[PDB]
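If you read the sequence shown in the authors' numbering, its first letter stands for residue 685, the second for the next number, and so on.
Every residue, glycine too, gets a C-beta built ideally from N, C-alpha and C.
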Amino acid sequence: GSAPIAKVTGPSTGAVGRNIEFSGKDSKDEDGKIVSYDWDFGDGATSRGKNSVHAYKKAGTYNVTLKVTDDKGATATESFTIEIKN
């Protein structure tokens, strides 16, 4: 369709205080070209950029979202759940 497709690549698990890498590299668009990647790590924190990194302060289950926007201004968001342990 006209929306881009957002995809979040990352690990299913991680540890408190460790940098976790997330990537939007497999996002794609039939009807435009993606220009921006906005991340929400589920603990209040955000980042920008195709490849982003976050460390969680506490153990828990977090829903990471990625919103991609394309050159025509069309958006899509996708979610990824990560379990963080001590």
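Would you mind working out which of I766, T730, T759 and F764 sits nearest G685, comparing C-alpha positions? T759
In whole angstroms, give me the CA-to-CA distance for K741 and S731. 16 Å
What's the C-alpha gap between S763 and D724? 9 Å
Which first and last residues belong to the beta strand (DSSP E) in which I689 is found? Taken as a continuous stretch (DSSP letters only), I689 belongs to no beta strand (DSSP E), as it is neither H nor E.
Considering only residues of the same chain and omitting the five flanking positions on each side of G708, which have a CB-CB separation below 6 Å? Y721, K734 and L750
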